[PDB]
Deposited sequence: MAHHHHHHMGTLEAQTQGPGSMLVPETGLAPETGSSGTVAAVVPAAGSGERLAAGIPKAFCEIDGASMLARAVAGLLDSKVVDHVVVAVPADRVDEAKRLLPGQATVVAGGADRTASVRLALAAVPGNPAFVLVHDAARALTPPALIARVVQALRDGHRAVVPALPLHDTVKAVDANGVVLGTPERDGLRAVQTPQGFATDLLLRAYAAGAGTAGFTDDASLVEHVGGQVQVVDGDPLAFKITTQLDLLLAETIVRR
């Protein structure tokens, strides 16, 4: 890979959202818009690029905080991340990949991820202790085992990577990335991943119950 990779020392955040949930409105503003605003408001991200379907490109641009940029994304999601990066000036040292559905992610959480990268970690995810016991379970509902709960963490986003490390992980594992989170792909190529404290507010908004909570949090 090119020696120029990461040469600029900047931080790029990509929101691959390429549709529904990312565009659903929470008290007027889309999840995507709030997610981008969180990235900008961390004050530590130099470029925010969103990959959306073609037919939301113009709309995304008119409703997002002005400093963020929009590309039409790809199908293979890693393609969306690669396209977003070609639209980023220079050679960013770090790529943060952020789920649009974690719309209330606190700006300090995003900064913690970036601070751990600046401190020398090459792959960083935010995380929380589990609420529930987690069990291995077969397709028939038969319990196969119970890993130590205290040894497990629930992972959120943004996930942050040294750009070259993220690219190496994509070349090896992108053909499954829709079921795997980016940090998993990095682990598979030998990347060491560091956990920083997440935040309950960074929950992934999936169900009608989740949005009600998010709407309740914001109208307050």
query: Which parts of the deposited sequence lack C-alpha coordinates?
result: 1 to 28, 47 to 55
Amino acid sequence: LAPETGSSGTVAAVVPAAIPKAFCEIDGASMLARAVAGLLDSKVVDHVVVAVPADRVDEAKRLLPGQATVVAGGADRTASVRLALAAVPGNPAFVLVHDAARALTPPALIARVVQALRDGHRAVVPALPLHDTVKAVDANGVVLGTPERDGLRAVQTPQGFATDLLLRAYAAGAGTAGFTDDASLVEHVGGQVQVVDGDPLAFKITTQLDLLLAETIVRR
From here on, numbers count along this sequence of modelled residues.
- line: Once average C-alpha B-factors are taken from the entry for 157 to 165 and 62 to 70, the winner is 62 to 70
message: If you average the CA temperature factors as listed in the entry, which stretch comes out higher, 131 to 139 or 74 to 82?
response: 74 to 82
Top residue by Cα temperature factor, when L152, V49, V52, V186 are compared in the entry: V52
field: Member of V193, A177, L39, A171 with the greatest C-alpha B factor (per the PDB record)
entry: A177
- prompt: Going by what the PDB entry lists, where does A202 fall on CA B-factor within its chain: lowest, middle or highest third?
  reply: middle
message: Test of reading the entry: by CA B factor among the chain's modelled residues, which third contains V45?
response: lowest
statement: Chain thirds by Cα B factor, record data; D27 belongs to the highest
